[PDB]
């Protein structure tokens, strides 16, 4: 099976989500053919030179999955668009483009974070265009770390446009799309390329975890607890 997760929004102040993700990496992920992280792995990112200990803790845990034979892939979210090749090397992850078409057991599947499908929010899309401009990213990353941290602290949900969904699935000629961003886990039926098509949405990790599991036989949207919930009787 191939696994998809997104919208964990990991951060120091939410250790329960981190512990849930570490358990996921040490258990479920080790049995997978591959693990894809469709953006918003971290609640914030100001560059790969950040000494935040959580970053190294997460990189080591993902690296252990990769070393166990499970390739891991990352598409950027709107929270963590500055994740770069240094973190890719630390974690063993492979960075992918904003849209990718996958062969999953003979099923062609488009994957993306999902924010680019929210074409009704033109203000957001203009902000996105600016922070994805390479010369702007370069200038921001050149600032001292302490300045970047102040900017980020100081700076501290839209849904998809149905026609943007059809356009993306016809551009890639797929009948299956998996994304996150909207935090509304669901399976939507539509029509694309003259045939029934499906859009599968991941959940954010709020109280419990969420993943999509693709097998040769089906597509599974799965909700599971962060920790081992030991039975006990009354």
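Numbering follows the first chain given and starts at 1. What we label the rigid core is the largest C-alpha set whose atoms superpose within 1.5 Å from one form to the other.
- Once the structures in 8 other deposited structures of this protein are superposed via the core, the pair 126 to 134 and 93 to 101 is resolved in favour of 126 to 134 as the more displaced stretch (C-alpha RMS).
- Taking the PDB entry as given, 127 to 135 carries the higher mean Cα B factor of the two stretches 127 to 135 and 110 to 118.
- Note on 97 to 105 vs 147 to 155: mean CA B-factor is higher in 147 to 155.
- Per the deposited record, 164 carries the highest C-alpha B-factor of all listed residues (83, 164, 75, 141).
- Per the deposited record, 192 carries the highest C-alpha B-factor of all listed residues (192, 177, 35, 187).
- Sort the chain's modelled residues by C-alpha temperature factor and residue 21 lands in the lowest third, per the entry.
- Looking at the C-alpha B-factors along this chain, the one for residue 171 belongs to the highest third.
- In the deposited entry, the Cα temperature factor of residue 6 sits in the bottom third of values across the chain's modelled residues.
- The deposited CA B-factor of residue 57 belongs to the middle third of values across its chain.
- Sort the modelled residues of the chain by CA B factor and residue 51 lands in the middle third.
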